[PDB]
Amino acid sequence: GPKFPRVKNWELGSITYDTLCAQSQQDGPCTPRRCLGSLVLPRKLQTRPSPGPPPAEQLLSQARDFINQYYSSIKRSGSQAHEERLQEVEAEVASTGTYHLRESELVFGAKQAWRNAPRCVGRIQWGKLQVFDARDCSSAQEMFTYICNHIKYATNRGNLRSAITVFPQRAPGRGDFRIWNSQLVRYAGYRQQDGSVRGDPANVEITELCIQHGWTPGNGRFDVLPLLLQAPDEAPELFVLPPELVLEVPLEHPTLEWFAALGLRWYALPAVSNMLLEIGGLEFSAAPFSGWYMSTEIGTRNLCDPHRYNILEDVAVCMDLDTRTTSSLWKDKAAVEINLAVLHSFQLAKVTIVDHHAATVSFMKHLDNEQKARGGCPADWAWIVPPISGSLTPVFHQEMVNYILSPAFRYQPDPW
Amino acid sequence: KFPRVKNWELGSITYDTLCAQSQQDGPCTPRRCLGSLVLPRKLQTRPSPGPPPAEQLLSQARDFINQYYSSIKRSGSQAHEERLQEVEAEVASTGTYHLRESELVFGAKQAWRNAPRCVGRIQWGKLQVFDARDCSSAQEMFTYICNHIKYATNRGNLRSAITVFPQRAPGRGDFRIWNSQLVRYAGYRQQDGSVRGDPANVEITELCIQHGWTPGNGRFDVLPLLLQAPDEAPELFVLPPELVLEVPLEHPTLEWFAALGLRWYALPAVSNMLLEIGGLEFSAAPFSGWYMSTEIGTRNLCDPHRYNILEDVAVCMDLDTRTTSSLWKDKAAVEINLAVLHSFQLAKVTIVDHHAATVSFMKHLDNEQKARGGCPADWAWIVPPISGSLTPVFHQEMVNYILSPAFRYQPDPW
Ligand code: HEM
Ligand code: HEM
Ligand SMILES: N=C(NO)Nc1ccc(Cl)cc1
Ligand SMILES: N=C(NO)Nc1ccc(Cl)cc1
Ligand SMILES: N=C(NO)Nc1ccc(Cl)cc1
Ligand SMILES: N=C(NO)Nc1ccc(Cl)cc1
Ligand SMILES: [Zn+2]
């Protein structure tokens, strides 16, 4: 039949063909010999620091592709403005070695980047992103202002709004704008004398870096870290976020009255800040983005992962379960109640959140829209299926095709 | 080339060098990954009307023979050299060859060992191999299949086993077991397109009826077997009820669960897969071990296109099925898996929960890293259908590739 991947949904028996993968211009990590789809950070997109200006030849073609996507999106492909814009980009890259995007071009690109992210299950919302243009930012202090505004607009007192703030792109042999923290909101991770960790083990390094840079550390389990912001060719500066701006949700359970005594909590805004946004060859090293949480991210991963808060055993003990044997399914029981507590608490505090059932269903709708709109949707099965109750959701039974499309969000090396 | 494999829970790192031994292509390319696809689009097992390319078959055979003698530490020995000559001789004169029983045993175990989607491979060295290559009729297949079932079941103390029927031959039909498993519950399509029983078995159920089976009307009616000898219509055989061990499902604390009348068989014996050893193909080679509780409790009983009992259990538990956020699906699913575990343990029938199973697979990964320098594994299948990140395999990166001997899918004989 069609010379494209045949995709099947085993629950409904329906079939589709992905023709969109034909548009991918960047190789992934797999080969006919072996599949490397499970690797978290395969040395592929990895935007390793490329100091010396990029080959005008490679950049120009990437730029040309992006401009074609843009004009196609506004239904003016082949027009006079399209050919003139193409000329303008080539000319600019010819004299300066690089080029700049127009406002509307940035907005379209940022949205496409989200839309193109294979691992994001919340892409049904891709068309609704508030793009803050911060390309005029010239200091670490101004970065903080832009970030504080982002948090305020995005948090919106609990009625969260997706947003992204874009700082200046990487320039020819010049220092990058960088946000050292992986997220705008992170709990400190304090290395203990016995080797253990108090707080979030995932943030041990960034916490120590904050201390090395003058931060006076606390000693709690949920201490909000300050931000280490870095302007070009300058050392990072430390900034403490005002408490009133960081909305947190104390966790309680709908029926287990003791759950609240656990003193657990999580912040409302998931704002990733260490990823690079690539559009038409241009690289925005600092471009924090945020949406809202899917409950399993908090209740299953951040709270139950063995290398994170690891509260599974504590909750099971409180539930008086037999943690001495696997077949009692104590981990499964506790995990469920913990996820329920998260959903319940966020709802109680009127903070936006979506459970894994609602989210995955909406993603199936997204796949249908995308099938019609672009002929497919790049998706990473291992990341789209939730960490708990996987086969209980519709996505588990849906085959997916994974590939890299640009604009895109990519991981990049740590600045230190 | 050689992929760096990391475990994100422990931070440990290994390098898979075993993948370099792969001689068969998967569905992925640098352009796009198709790891989530269940079946191959082309990596099928096309007809066998003509003799396979002598050159190709000879290379696959020499490699297998090589693997075998290395397994018995007699590589380069006189026996090794002479056996290779024997295989050379047969292929050149007949276009094919035959394996010795000891070779067949080694190959079967290796095929299981190499299966990327199998989480129970730590047991790979313990497999009872029945040589049924001297079978010339469906009736004889039935007798072999019955002995496999008696042996494997062992009155609840399940033992891993495989029975191997005659290999495929050029221009001749294949021996085939039409059922996908030796034990399957009927799926009857009724009135308004609904289904009484197992929806997964609707087609096989009707084929059985068309071939003379007098169908029942229950939710768990054990299907008869359709066995097919070369170029012959398949024959119908009813399995002796005393050979099919089943486990009534009840819950440890929820008294009403037993009233649901749910149940499942003890023996998971896949019979529609093809076993390939040294280029030779075994179209009928049913294999079995024991169930991992999630296969029954989660997939078989909770999949929307299967028994789909989630809502019923939820209502019995009087849960808020009005909204997703109440996590009623998650709560019901957990109790169902608990019921399956409770029941099998009560009935004294071998079963393994997903936590235990995954822990043992991690040990297997380590055993294989030292033994062969890697282990082909399919993340999507190794991770259980529920509580994924609560198991260690979720946090372990894996490299997937095809090694031979191997088990593979084949076209349905109709
Ligand atoms: C509207 C709410 C949203 C929800 C519910 C959502 C949820 C998720 C989830 C569950 C993941 C996987 C997390 C993990 O397993 O580590 C994810 C990944 C991702 N999301 Fe979304 N997302 C949303 C908004 C956004 C926004 C606003 C953007 C960007 C503009 C975005 C970009 C991404 C990217 C790039 C990844 C992949 C990260 C990686 O490579 O590990 N998401 N999202
Ligand atoms: C001893 C107990 C065993 C357990 C607990 C076990 C468990 C499993 C599970 C859970 C799967 C995944 C099925 C699914 O995703 O629905 C699987 C797949 C597989 N197992 Fe095992 N297994 C065991 C023994 C065996 C034996 C004896 C063989 C053969 C000699 C075998 C061959 C396979 C094969 C070929 C697959 C891959 C199926 C495919 O590619 O679709 N297993 N096993
Ligand atoms: N809900 C989320 N975002 O809005 N979660 C989320 C978590 C991590 C990354 Cl990298 C990207 C997204
Ligand atoms: N993860 C699995 N385990 O059985 N299976 C599986 C089921 C459906 C699709 Cl689409 C992909 C994989
Ligand atoms: N428990 C099992 N085997 O022993 N289950 C099982 C189910 C399907 C396939 Cl294909 C292979 C194995
Ligand atoms: N499926 C995931 N979603 O977050 N993550 C994940 C974690 C570890 C490995 Cl090895 C592979 C994938
Ligand atoms: Zn792949």
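Note that the numbers count up from 1, one per residue, in the order the chain is shown.
According to its header, the structure was obtained by X-ray crystallography, 2.0 Å.
Cβ atoms are placed via backbone N, Cα and C, with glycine included.
Feature annotations, courtesy of Swiss-Prot:
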type: BINDING; residues: A:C30, A:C35; note: Zn(2+) binding site
type: BINDING; residues: A:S38, A:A382, A:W383, A:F396; note: (6R)-L-erythro-5,6,7,8-tetrahydrobiopterin binding site
type: BINDING; residues: A:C120, A:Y411; note: heme b binding site
type: BINDING; residues: A:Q183, A:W292, A:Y293, A:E297, A:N302; note: L-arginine binding site
type: MOD_RES; residues: A:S50; note: phosphoserine
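All features noted in Swiss-Prot, drawn onto the structure.
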residue: A:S38; record: (6R)-L-erythro-5,6,7,8-tetrahydrobiopterin binding site; Cβ contacts under 8 Å, 6 or more apart: A:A382
residue: A:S50; record: phosphoserine; Cβ contacts under 8 Å, 6 or more apart: none
residue: A:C120; record: heme b binding site; Cβ contacts under 8 Å, 6 or more apart: A:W114
residue: A:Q183; record: L-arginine binding site; Cβ contacts under 8 Å, 6 or more apart: A:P270, A:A271, A:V272, A:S273, A:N274
residue: A:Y293; record: L-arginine binding site; Cβ contacts under 8 Å, 6 or more apart: A:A268, A:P270, A:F346, A:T352, A:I353, A:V354
residue: A:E297; record: L-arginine binding site; Cβ contacts under 8 Å, 6 or more apart: A:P270
residue: A:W383; record: (6R)-L-erythro-5,6,7,8-tetrahydrobiopterin binding site; Cβ contacts under 8 Å, 6 or more apart: A:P118, A:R119, A:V121
residue: A:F396; record: (6R)-L-erythro-5,6,7,8-tetrahydrobiopterin binding site; Cβ contacts under 8 Å, 6 or more apart: A:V385, A:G390
residue: A:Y411; record: heme b binding site; Cβ contacts under 8 Å, 6 or more apart: A:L41, A:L45, A:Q46, A:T47, A:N274, A:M275, A:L276
Inset, instruction - Find, for the listed binding-site residues A:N302, A:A382, the residue with the lowest Cβ contact count at a 10 Å cut-off, counting only other Cβ atoms. - result: A:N302
Inset, instruction - Go through the binding-site residues A:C35, A:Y293, A:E297, A:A382, A:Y411 and pull out the ones with a Cβ less than 6 angstroms from some atom of ligand 7. - result: A:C35
Inset, instruction - Using C-alpha atoms only, work out the spacing between A:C30 (Zn(2+) binding site) and A:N302 (L-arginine binding site) and round it to an integer in Å. - result: 29
Inset, instruction - From the binding-site residues A:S38, A:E297, A:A382, keep only those with a C-beta under 8 angstroms from any C-beta in chain B, and list them in sequence order. - result: A:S38, A:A382
Inset, instruction - For A:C35 (Zn(2+) binding site) and A:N302 (L-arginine binding site), determine the Cα separation and express it in whole Å. - result: 28
Inset, instruction - Reduce the DSSP letter at A:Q183 (L-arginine binding site) to three states and note it down. - result: strand
Inset, instruction - Within the same chain, and leaving aside A:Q183, A:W292, A:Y293, A:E297, A:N302, name every residue whose CB is within 8 angstroms of the centroid of the CB atoms belonging to the recorded L-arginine site, in sequence order. - result: A:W266, A:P270, A:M294, A:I298
Legend entry - Sequence-ordered recorded positions from A:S50, A:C120, A:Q183, A:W292 with Cβ under 6 Å of an atom of ligand 1: A:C120, A:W292
Inset, instruction - Under 6 Å from ligand 6 by C-beta, which of these binding-site residues make it: A:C35, A:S38, A:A382, A:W383, A:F396? Sequence order, please. - result: A:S38, A:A382, A:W383
Inset, instruction - List the residues of the same chain that sit at least 6 positions away from A:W292 (L-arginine binding site) in sequence and have their Cβ under 8 Å from its Cβ, in sequence order, or write 'none'. - result: A:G122, A:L160, A:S162, A:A268, A:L269, A:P270, A:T352, A:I353, A:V354
Inset, instruction - Please work out the number of neighbouring Cβ atoms within 10 Å of the Cβ of A:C30 (Zn(2+) binding site), leaving out its own Cβ. - result: 26
Inset, instruction - Please check each of the binding-site residues A:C30, A:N302, A:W383 and report the ones with a CB atom less than 6 Å from an atom of ligand 3, ordered along the sequence. - result: none
Inset, instruction - Note down the number of other Cβ atoms within 10 Å of the Cβ of A:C35 (Zn(2+) binding site), including every protein chain shown. - result: 29
Inset, instruction - Sort A:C35 (Zn(2+) binding site) into helix, strand or coil using the DSSP assignment. - result: strand
Inset, instruction - Would you mind pulling the DSSP three-state label for A:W383 ((6R)-L-erythro-5,6,7,8-tetrahydrobiopterin binding site)? - result: helix
Legend entry - Most distant Cα pair in Å, residues A:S38, A:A382, A:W383, A:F396 binding (6R)-L-erythro-5,6,7,8-tetrahydrobiopterin: 15
Inset, instruction - Give the maximum pairwise CA distance in Å, whole number, for the residues A:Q183, A:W292, A:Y293, A:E297, A:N302 listed as binding L-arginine. - result: 15
